[PDB]
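S.K.: Sequence first, structure after; it's an experimental one.
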Amino acid sequence: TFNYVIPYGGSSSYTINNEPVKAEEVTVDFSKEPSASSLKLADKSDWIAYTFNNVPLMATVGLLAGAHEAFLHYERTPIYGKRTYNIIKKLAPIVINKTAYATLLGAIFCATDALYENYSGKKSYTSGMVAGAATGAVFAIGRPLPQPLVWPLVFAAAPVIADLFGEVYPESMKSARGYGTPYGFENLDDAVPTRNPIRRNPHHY
Amino acid sequence: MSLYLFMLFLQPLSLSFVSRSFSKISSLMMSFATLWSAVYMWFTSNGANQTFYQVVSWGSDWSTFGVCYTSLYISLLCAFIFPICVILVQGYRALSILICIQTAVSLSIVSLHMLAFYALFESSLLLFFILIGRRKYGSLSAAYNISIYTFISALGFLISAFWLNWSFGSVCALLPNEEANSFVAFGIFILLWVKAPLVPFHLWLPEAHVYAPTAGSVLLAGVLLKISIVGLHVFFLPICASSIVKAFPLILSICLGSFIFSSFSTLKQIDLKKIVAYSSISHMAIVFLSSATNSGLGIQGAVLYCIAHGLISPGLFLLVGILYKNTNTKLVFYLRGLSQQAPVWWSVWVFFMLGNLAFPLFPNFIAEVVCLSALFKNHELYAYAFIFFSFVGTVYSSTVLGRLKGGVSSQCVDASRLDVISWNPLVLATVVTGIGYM
Amino acid sequence: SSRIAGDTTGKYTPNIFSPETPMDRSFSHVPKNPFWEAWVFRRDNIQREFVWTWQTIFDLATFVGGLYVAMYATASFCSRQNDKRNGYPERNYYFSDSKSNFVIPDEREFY
Amino acid sequence: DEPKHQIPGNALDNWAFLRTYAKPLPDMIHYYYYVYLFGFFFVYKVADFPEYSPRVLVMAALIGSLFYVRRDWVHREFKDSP
Amino acid sequence: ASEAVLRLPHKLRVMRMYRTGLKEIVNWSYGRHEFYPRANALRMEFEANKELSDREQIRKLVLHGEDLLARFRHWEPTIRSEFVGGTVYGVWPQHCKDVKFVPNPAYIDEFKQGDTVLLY
Amino acid sequence: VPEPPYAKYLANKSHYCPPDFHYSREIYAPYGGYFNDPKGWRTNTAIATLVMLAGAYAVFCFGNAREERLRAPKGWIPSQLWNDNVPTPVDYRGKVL
Amino acid sequence: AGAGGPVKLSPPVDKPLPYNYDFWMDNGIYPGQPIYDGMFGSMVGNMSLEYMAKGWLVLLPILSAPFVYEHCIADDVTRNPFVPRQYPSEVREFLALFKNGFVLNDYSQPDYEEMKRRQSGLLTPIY
Amino acid sequence: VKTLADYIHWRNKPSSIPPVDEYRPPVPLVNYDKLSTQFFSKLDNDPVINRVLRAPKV
Amino acid sequence: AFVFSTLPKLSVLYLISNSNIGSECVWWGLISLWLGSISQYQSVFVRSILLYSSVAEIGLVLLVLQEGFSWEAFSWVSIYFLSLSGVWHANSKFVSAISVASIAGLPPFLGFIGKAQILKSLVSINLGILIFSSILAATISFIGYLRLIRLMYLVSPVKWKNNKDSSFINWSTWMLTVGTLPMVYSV
Amino acid sequence: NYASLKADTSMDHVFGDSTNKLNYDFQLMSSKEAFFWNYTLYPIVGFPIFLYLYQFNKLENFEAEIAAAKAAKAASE
Ligand SMILES: CCCCCCCCCCCCCCCCCC(=O)OC[C@H](COP(=O)([O-])OCC(O)COP(=O)([O-])OC[C@@H](COC(=O)CCCCCCCCCCCCCCCCC)OC(=O)CCCCCCCCCCCCCCCCC)OC(=O)CCCCCCCCCCCCCCCCC
Ligand SMILES: CCCCCCCCCCCCCCCCCC(=O)O[C@@H](COC(=O)CCCCCCCCCCCCCCC)COP(=O)(O)OCC[N+](C)(C)C
Ligand SMILES: CCCCCCCCCCCCCCCCCC(=O)O[C@@H](COC(=O)CCCCCCCCCCCCCCC)COP(=O)(O)OCC[N+](C)(C)C
Ligand SMILES: CCCCCCCCCCCCCCCCCCCC(=O)O[C@H](COC(=O)CCCCCCCCCCCCCC)COP(=O)(O)OCCN
Ligand SMILES: CCCCCCCCCCCCCCCCCCCC(=O)O[C@H](COC(=O)CCCCCCCCCCCCCC)COP(=O)(O)OCCN
Ligand SMILES: CCCCCCCCCCCCCCCCCCCC(=O)O[C@H](COC(=O)CCCCCCCCCCCCCC)COP(=O)(O)OCCN
Ligand SMILES: CCCCCCCCCCCCCCCCCCCC(=O)O[C@H](COC(=O)CCCCCCCCCCCCCC)COP(=O)(O)OCCN
Ligand SMILES: CCCCCCCCCCCCCCCCCCCC(=O)O[C@H](COC(=O)CCCCCCCCCCCCCC)COP(=O)(O)OCCN
């Protein structure tokens, strides 16, 4: 509008609808559909099965963190000096405890997520926030005063970010194309394509 | 329009060829000539052309420049207040920095391309980092604060502009586009949230004002805060109205919370520049909320109240800078007896403080009446909330005035002839707008 | 012990070698107090003395978050009343879960 | 004289804490060699990993960030002891 | 009783009680005519107990009189105007000499007045 | 302390100034000094009075041009002497005057 | 003498200042004051807030006794020995419009009920 | 389990401790300053007060 | 360091684009971005700052190149060569300041165009996590670049060697300042 | 340089000494008291809000009861 008299923007009639028209005559897709393994892992019906499918990620991360710390210790120990203590007896607790505590946190997260979704019956932000809150509460059992508040908040915030930018964001902008005519505006005279552009093939790595 | 843009480009150009001893005089003449070119742009802007008074393009979508109601008011305001900044600042380095900042800011206001707006507005990022972090009287922390806040908000705005350019094919305002996406709406919104100081993203403004020079503070308060409303009327409301109407309860929550907590934070200030800087934050919320109603009253009232703020807060900052030159202190507790010691400075200080409290014979009154009327058009409680908590401003303004007014002092600290020349235009403009020539 | 620095005639020169102290702009500078300076330093750097206590969390929540919650509730109530007043269908606000798509009224339509 | 920040702790105790960073420093190639090798093999194995939900991926990243120990932390606290 | 009154010696404490009592007689009166009989009555009230030597009874009398003088403090003390708490105290305080006045301020380095940006 | 040279340009203490009261004579205030009574005050007052009456004449013209009486006065009013837009008076009964 | 009176100057600060020293207002003359008198320090008349609340507790029932009888106990028929002012029908109908009018209490009128419901009007605008 | 939580500088304790000795502003002295928290007291009708104030003939 | 941190990348980018060497995994570019930004912010030495900036940017460019945006990475590598020329061959503070501004992506110079190409390609593929990470990591890297400006003009007097061998340094600074408006069509 | 920390004792005999000090601790209200008084005064400030809430609830309840009675009358008839 760019004037001080009438409101900016505009309005669209709710009664009037515009027939969908295809962005191109022939559609060639280079985006592959979800695999059956992805649908299997995403399935939260059985909370035990959902937990056991998704924990290997957490155990892997804990193992890398423990291996990093254990190597930092091993690198320091002197080879030239013979050591009275056994190095692996020193180093194994590091890796084992890191992996175990990581797996326990991930197990709480996944189990609470699946249990809340089953009980609620709906897929929602709240399941992730509650699972994260429980995981952060387990993180800060005996920790000093700011941490009982901050860790539930951070661990709850993480699934919100994952949902917002992993699921809502892609689905909100599926229709936008960038070629031919703007998705809302097909009445405008822009070059109309026979085929959509293929900038790359379906990946296979 | 073309003359105004040419003169805006001429001012930084002249500094390269001046003798480096004639720099101040040439800069002042260039500033006044730019003001006259802005008056010419107003003359050649016909009200018959209702959508845009003037549009000029220089070969690309980025080079598309145009003036509307908001743009014309803000550009005249910056061109009006720049000469005062020029006289207040000494040295080729400082003159160069301030001229480049003003050129970038004034080109941003008239730009009609979101990407060009972003490019011109953020070109003044290091210049404030250097300016606020100057050797002896600057603070690196404040420069870091302002630079980081601006960078994050402007990068979000840039991402939204990229998405619009990909989807629509254009990001120029003159091409009608509408979007219902909330991610892009937030990307455009975050810049406004930060640039117009709105709680909790208001922390950069105080530290910047206190540790910026008086000319820098005058520009920052006068027009850089108003750049938010140019962005809102030009680049957010035309395209992102659905999201502002969807989020209106949240928008009101954040705006009224900013008003209240900024008013309360002002009460805990002992530094005069910090008092004025926090008054600015409380003043911005009414502007932001009145525009967000997307009504004829709200837009006009917001631009009017921006003009009122850009005539009142530069005056307070200028007076405080003069007092700091005379006294080498900004603490209210050190400053006493200013009524007896500086009658001429005290008169103007009281006049401008009355203006900041929105008394009838001041432009802030008319502007506030219009904004409150727009809020009342939305709902009665909306206006009632703002009207009541305006009393908090009276408490801190009255406490500051009472502390400064009387006591025992052994120093005559009153303004010189140069200082009075510096504020005379602002006083005249304040009076002229107050009687209704808004 | 003092002399007039400023010259209205324009023949001003700064006597850096003069025995007498010039009456320059620094003549009127406030003397300042040691304890006031330390009070200013303490008050600006009050983040050093910030401590997370249950009392601090209680105060912050009850006043700041409480005012935000109250303002949001009041704004939502006003929006509901305005929707009933204008005759609009219940609007799909961001955190309200409504099965209606009404957001912006059509100017052309009569409500 | 100017107002200054109070520094917690005694001067010699803080200096003694800082002196615990002066320990024999290994060269970084030893860490880098293992990271390169296991990273190459890891990238080969990742293409075979099952597709994980974005939420689980983000939680795993958070856990890894929390569990990561800075190399300086081990440096200061390392004891050649059981 | 305030701390300063308590720290005082016995003789001065009773003197303070008499002085405060007389001032409060002045404050609670409607005119000077009321003052004299009431002042004589306060005189007799102090004179009645002056010859007591039992310390404990004297402490009781002093404490009770201090409580009575605390309760009957007037909301509006009658204070001479030129003294602290008076109406004309500080109306136009006499201004001292040796004032730091800068003559011809705008003509000290007129061209080069302003703020500079110094850099490394 | 030996009075500074510029003290000669500064004016004396006025008759209305109390002898004990000391004020700094160098301070300038638009409303006047601490006790004023300048030389030539009579001529300044005459000039101020002339300006007041001239502005009163201008305001009188403006007001008479903009004074609108839409209802007839009950009786004769003094404005009839100077303004011609006064409606003819009508009394309480209704008779025109 | 109004002008030139002697004054005492407040001593300069010589000890570390409290954080909330902004609660003290000192212009340089000796008797500095709190920002709001009665917020702290000496109390006028040595009377606390509890004393004032007890005094008000004593007063309020006696002060409210005249008002409570007419407003609550009394009723329109028994408040006064006469009816409201009687007007011609054209005047009475206009005057009855005013919610803050005095003819709304005319119980003789056949529109008494509607007039009373008009008097107890809307708290807030409906639109 | 070594974690970031162990090495983050959590604000549990004040970095700066205020000085103990603090300035108390000078105030005019009220000799007897005990607070009256009782609206009804025996002190108002005390025999001394009756003899000093109410009794003497005026 | 300058010639072997810019020139080799062009051949690898061309090989990836032409021979279809792209993977579905986005972890490595994301890790490059976050690790580079955080390590740049935590690095005391100036050489490490400049070296970690390249890691972050090349991770982002790798994410863009996998999706087939060859033109934008081929422009980015050239603009990055010109931007890095001045800071690496540091002879004048002002030239280094413009170079550091260009590397940051700052609007008045050509570096803004090069970063804008990559960011514009990002919004097309519509991966939200990448965009969020890009914004935050860009802020973190901006802090390190601001450290570089602070060290030159705002910390202490600075004296450098008078190595008057600016073969293409003046031309590169001129190209960074000037070239923005001719190449604006690209973004 | 700095102002003198020595006070002036010329007027002590006229206007009293400065020995007597304030008894205030220069501390604020307790958190518990502050909670009560905020949550009491702020509602009093927002008296229009509660009036609007009361009338809106009354209007909606009356409208719903009318609707229910209308449904009852339109079911049988
Ligand atoms: C036997 C060999 C030993 C190694 C065993 C493993 C061998 C490798 C096998 C396979 C390797 C490939 C995969 C490993 C990860 C890739 C990293 C790598 O290889 O770079 C080379 C790297 C060495 O490179 P370098 O240049 O010499 O070191 C640079 C640093 O400056 C180093 O200097 P520094 O250590 O002194 O400084 C560390 C600095 C360096 O900074 C980083 O570490 C950057 C990491 C940020 C995240 C990285 C991107 C995450 C994306 C993951 C993508 C997958 C998920 C997808 C979706 C996720 C969405 C985000 O960070 C910190 O300061 C500490 C904090 C660490 C995380 C910071 C973020 C905190 C966020 C949490 C917020 C909560 C706080 C709230 C309360 C706050 C109160 C105010 O080698 C390794 O570190 C490998 C160690 C393996 C341990 C990783 C454990 C978990 C791994 C998966 C989790 C992903 C999160 C990453 C955690 C940190 C990883 C560094
Ligand atoms: C260091 C300073 C020393 C010098 C002091 C200067 C003293 C200033 C004198 C005060 C001036 C008071 C005059 C107030 C009236 C404002 C004048 C004005 O606005 O001019 C009007 C003409 O109106 C008049 O001339 C008014 C006549 C003034 C004299 C009337 C009697 C004087 C009594 C003063 C009462 C004024 C109360 C008005 C409150 C708003 C312009 O007419 P338009 O063409 O319609 O302009 C459009 C309207 N608008 C401005 C809103 C855009
Ligand atoms: C559409 C254009 C935009 C796209 C940009 C990419 C295209 C580039 C087109 C313009 C390229 C211009 C490149 C400018 C380079 C600057 C010239 C230069 O570097 O000269 C050096 C050359 O230095 C040498 O080493 C000389 C050896 C080589 C001499 C030139 C070789 C010419 C080979 C023939 C090239 C012809 C092209 C072949 C057919 C296409 C001299 O400087 P120094 O003496 O080393 O130090 C300077 C000191 N100071 C400035 C501070 C005073
Ligand atoms: C960058 C965003 C990160 C959030 C930052 C918030 C502050 C961090 C504090 C950590 C607290 C954990 C995060 C909670 C944020 C979510 C907001 C709560 C609102 C809420 O509970 O409603 C949910 C939906 O909101 C949602 O969960 C989605 C709302 C998205 C969050 C807000 C996005 C804009 C915030 C940006 C503020 C400024 C940025 C600076 C950080 C339920 O919805 P439901 O579908 O489950 O219905 C229920 C049927 N069972
Ligand atoms: C998928 C991803 C999931 C999420 C992962 C999140 C990971 C963290 C992301 C955080 C990104 C934000 C980057 C800003 C970091 C804060 C600034 C750094 C703090 C700091 O110490 O900077 C100092 C001064 O900065 C200052 O003074 C600035 C004060 C703080 C700036 C305020 C931040 C901007 C506003 C924040 C929100 C804005 C809206 C958000 C939508 C200068 O340090 P130095 O130069 O001396 O170096 C010495 C090294 N110690
Ligand atoms: C917690 C209080 C909220 C804080 C915000 C206060 C007021 C800000 C309002 C700004 C006005 C325009 C902004 C548009 C919406 C922004 C946030 C609105 C609240 C919100 O989070 O709603 C969510 C939807 O928005 C979304 O899904 C996206 C949220 C924004 C994303 C955050 C960061 C985005 C950065 C993107 C950069 C640019 C990218 C451009 C491609 C979820 O609400 P729901 O509808 O799901 O209801 C489920 C409830 N049961
Ligand atoms: C961790 C951080 C947070 C922890 C601490 C939070 C503690 C704060 C909780 C209490 C906050 C005040 C109460 C407001 C929320 C009440 C509960 C929300 C539910 C709600 O909306 O009910 C409405 C409350 O009335 C209303 O509309 C609001 C009335 C109260 C607002 C006025 C009182 C304060 C006035 C001060 C000015 C602030 C507002 C300025 C505009 C009336 O129900 P409904 O009929 O609307 O139907 C809506 C269907 N649920
Ligand atoms: C003619 C029309 C009406 C005129 C005004 C009438 C006002 C009547 C209100 C007073 C009557 C009821 C008082 C409540 C009963 C309390 C009785 C004991 C008082 C008490 O123990 O605590 C007090 C609480 O203050 C309080 O009691 C404050 C409660 C007052 C409620 C707010 C009403 C406005 C009052 C304004 C004038 C009244 C002044 C006297 C209240 C003193 O508290 P403390 O300081 O010792 O606490 C210690 C600091 N940790």
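M.R.: Nice, I can see it. Numbering: from 1, shown residues only, chains lettered A, B, ... in the order given. Ligands and ions are numbered 1, 2, ... in the order given.
S.K.: Residue of chain C closest to ligand 6, please.
M.R.: With Cβ to the nearest ligand atom as the measure, residue C:94 is the residue of chain C nearest to ligand 6, at 4.0 Å. No exception for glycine: its C-beta is placed from N, CA and C like everyone else's.
S.K.: How about chain E?
M.R.: Closest point on chain E to ligand 6, by Cβ to the nearest ligand atom, is residue E:117, at 34.9 Å.
S.K.: Make sure I have this right: that residue is in a helix.
M.R.: No: in this structure, residue E:117 is coil, not part of a helix, as judged by DSSP: H, G, I helix; E, B strand; the rest coil.
S.K.: Contact partners for it?
M.R.: Shown in contact with residue E:117 (Cβ atoms under 8 Å, 6 or more residues apart in numbering or on different chains): B:91, B:93-94, B:97, B:130-131, B:134-135, B:213.
S.K.: Look up phi and psi at the nearest residue to residue A:40 once chain neighbours are set aside.
M.R.: Across the structure, with Cβ to Cβ, 6 or more residues apart in numbering or on different chains as the measure, the residue nearest residue A:40 apart from its sequence neighbours is residue A:53 (7.0 Å). Residue A:53 adopts backbone torsions of phi -80, psi -30, taken as degrees, to the nearest 10.
S.K.: Just give the number of residues close to residue A:53.
M.R.: As a burial measure, the neighbour count of residue A:53 was computed by other Cβ atoms under 10 Å in any protein chain shown and equals 21.
S.K.: That one and residue A:39 touch, don't they?
M.R.: No: taking contacts as Cβ atoms under 8 Å, residue A:53 lies outside contact range of residue A:39: 11.3 Å.
S.K.: Stretch B:419-436 vs chain C: in contact?
M.R.: No: Stretch B:419-436 does not reach chain C (Cβ under 8 Å from any Cβ of the partner chain); its nearest approach is 11.4 Å.
S.K.: ok, and what's touching that stretch?
M.R.: Outside stretch B:419-436, the residues within contact range by Cβ under 8 Å, 6+ apart are B:80-81, B:84, B:87-88, B:307-308, B:311-312, B:314-315, B:318-319, B:322, B:344-345, B:348, B:351-352, B:355, B:361-363, B:365-366, E:106.
S.K.: Let's see the ChimeraX selection covering just the buried ones among the residues you listed.
M.R.: For selection in ChimeraX, the members of the contacts of stretch B:419-436 meeting the burial criterion (16 or more other Cβ atoms under 10 Å in any protein chain shown) are listed in this command:
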select /B:80,81,84,87,88,307,308,311,312,314,315,318,319,322,345,348,351,352,355,362,363,365,366 /E:106
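S.K.: near chain C, which of the contacts of stretch B:419-436 show up?
M.R.: Contacts with chain C are made by residue E:106 out of those, judged by Cβ under 8 Å from any Cβ.
S.K.: among the contacts of stretch B:419-436, which are in helices?
M.R.: Using DSSP state H, the members of the contacts of stretch B:419-436 that fall in helices are B:80-81, B:84, B:87-88, B:307-308, B:311-312, B:314-315, B:318-319, B:322, B:344-345, B:348, B:351-352, B:355, B:363, B:365-366.
S.K.: if I look at the residue positioned nearest the centre of chain A, how far off is residue B:185?
M.R.: In chain A, the centroid-proximal residue (Cα atoms, centre = their mean) is residue A:162; its distance is 3.9 Å. Plainly put, residue A:162 is 21 Å away from residue B:185 if you go by Cβ to Cβ, to the nearest Å.
S.K.: any chance you could map the helices in chain J?
M.R.: J:12-15, J:31-45, J:47-76.
S.K.: is the shortest one anywhere near chain F?
M.R.: No: judged by Cβ under 8 Å from any Cβ, helix J:12-15 makes no contact with chain F; its nearest approach is 15.8 Å.
S.K.: Relative to the whole chain's centre, how far out is that helix?
M.R.: On the basis of Cα atoms, centre = their mean, to the nearest Å, the separation between the geometric centre of helix J:12-15 and that of its chain is 43 Å.
S.K.: near chain G, which residues of chain H show up?
M.R.: Taking Cβ under 8 Å from any Cβ as the criterion, the neighbours of chain G within chain H are H:18-19, H:21-28, H:30, H:32-40.
S.K.: Helices of chain C, residue ranges please.
M.R.: Chain-ordered helices for chain C, with DSSP H as the definition, fall at C:34-44, C:54-60, C:66-86.
S.K.: which residues are in contact with the second one?
M.R.: When you say that, I think you mean helix C:54-60. Outside of helix C:54-60, the residues that reach it under the criterion Cβ under 8 Å, 6+ apart are A:145, A:149, C:50, J:31, J:34-35.
S.K.: Check stretch H:33-49 too.
M.R.: Counting contacts by Cβ under 8 Å, 6+ apart, the residues touching stretch H:33-49 from outside are E:1-2, E:45, E:64-68, E:70-72, G:42-43, G:45-48, G:50-51, G:54-55, G:58.
S.K.: who's in contact with residue A:63?
M.R.: Contacts for residue A:63 (Cβ under 8 Å, 6+ apart) come out as A:95, A:98-99.
S.K.: Please, where are all the helices along chain H?
M.R.: Counting by DSSP H, residue ranges of the helices within chain H are H:4-7, H:47-49.
S.K.: now those as a markdown table including mean neighbour count?
M.R.: Conversion of the helices of chain H to a markdown table gives the following (neighbours: other Cβ atoms under 10 Å in any protein chain shown):
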| stretch | mean neighbour count |
| --- | --- |
| helix H:4-7 | 13 |
| helix H:47-49 | 14 |
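S.K.: Please convert these to CSV, extending it with distance to residue B:435.
M.R.: Putting the helices of chain H into CSV (distance: least, Cβ to Cβ, whole Å) gives the following:
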stretch, distance to residue B:435
helix H:4-7, 62
helix H:47-49, 65
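S.K.: thinking again about what came up before, please report the distance of the residue of chain C closest to ligand 6 from residue B:362.
M.R.: When Cβ to Cβ is applied, the distance between residue C:94 and residue B:362 equals 38 Å.
S.K.: before we move on, back to that, just the buried ones among the contacts of helix C:54-60, please.
M.R.: Taking 16+ other Cβ under 10 Å as the criterion, what is buried in the contacts of helix C:54-60 is A:145, J:35.
S.K.: Residue B:245 is in contact with the residue of chain C closest to ligand 6, correct?
M.R.: No: under the criterion of Cβ under 8 Å, residue C:94 makes no contact with residue B:245, lying 10.2 Å away.
S.K.: These two: which has the busier surroundings?
M.R.: For residue C:94 against residue B:245, the residue with the higher neighbour count under other Cβ under 10 Å is residue B:245, and the figures read 20 against 11.
S.K.: And what about the more buried one, helix, strand or coil?
M.R.: Judged by three-state DSSP, the three-state class of residue B:245 is helix.
S.K.: what's near enough to touch it?
M.R.: Each residue near residue B:245 by Cβ under 8 Å, 6+ apart is listed here: B:294, C:91, C:103-104.
S.K.: before we move on, what SS does residue I:91 have?
M.R.: Reduced to three states with three-state DSSP, the structure at residue I:91 is coil.
S.K.: That one and residue I:164 touch, don't they?
M.R.: Yes: the pair residue I:91 / residue I:164 is scored as a contact, 7.2 Å apart, by Cβ under 8 Å.
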